[PDB]
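J.: what's the 3D shape of this:
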Amino acid sequence: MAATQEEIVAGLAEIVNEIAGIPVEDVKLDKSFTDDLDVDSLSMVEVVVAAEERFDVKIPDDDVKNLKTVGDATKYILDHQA
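T.: Residues are numbered from 1 along each chain as shown. What follows is the structure:
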């Protein structure tokens, strides 16, 4: 189902908090997954893929490691959302 930036960000934030610990309000399209989120390529792909499918979007598993920011993910999720 189609969710916009803040909607999907909330669901994304909630889930990255499971991986590392960026506050739900701190989750922005400007903070880097690898840097700010302090997440690992595997780590991000694990629970953040669990985050993609929960809104019903389609992105390749490994592709989450390609996005260096949480926001880069979101916009890609926002482009490829169903």
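J.: residue contacts, the nearest residue to residue 36 once chain neighbours are set aside?
T.: Distances taken as CB to CB, 6 or more residues apart in numbering place residue 22 nearest to residue 36, at 6.7 Å, with adjacent residues excluded. For every residue, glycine as well, the C-beta is placed using N, CA and C. Residues near residue 22 by CB atoms under 8 Å, 6 or more residues apart in numbering: 13, 16, 31, 36, 37, 70.
J.: For residue 38, list the residues it contacts.
T.: The contact partners of residue 38, taken as CB under 8 Å, 6+ apart, are 20, 21.
J.: ugh, typo on my part, it should be residue 25
T.: Residue 25 sits next to residue 13 when contact means CB under 8 Å, 6+ apart.
J.: Three-state assignment for it, please.
T.: coil (DSSP: H, G, I helix; E, B strand; the rest coil).
J.: A strand includes the residue nearest to residue 36, no?
T.: No - under the criterion used here (three-state DSSP), residue 22 is coil, not part of a strand.
J.: Can you list the buried residues in the lengthiest helix in the chain?
T.: Secondary structure of the chain per DSSP state H: the longest helix is helix 5-19. By 16 or more other CB atoms under 10 Å, the buried positions in helix 5-19 come out as 8, 9, 11, 12, 13, 15, 16, 17, 19.
J.: does the third one really touch residue 56, like I thought?
T.: Just to be clear, that refers to residue 11. No - checked against CB atoms under 8 Å, the pair residue 11 and residue 56 is beyond contact range at 11.1 Å.
J.: And the furthest pair within the contacts of residue 22?
T.: Maximum pairwise distance in those, criterion CB to CB, is 12.2 Å, between 13 and 36.
J.: one step back: ok, the contacts of residue 22 vs residue 46, which is closest?
T.: residue 16 (10.6 Å).
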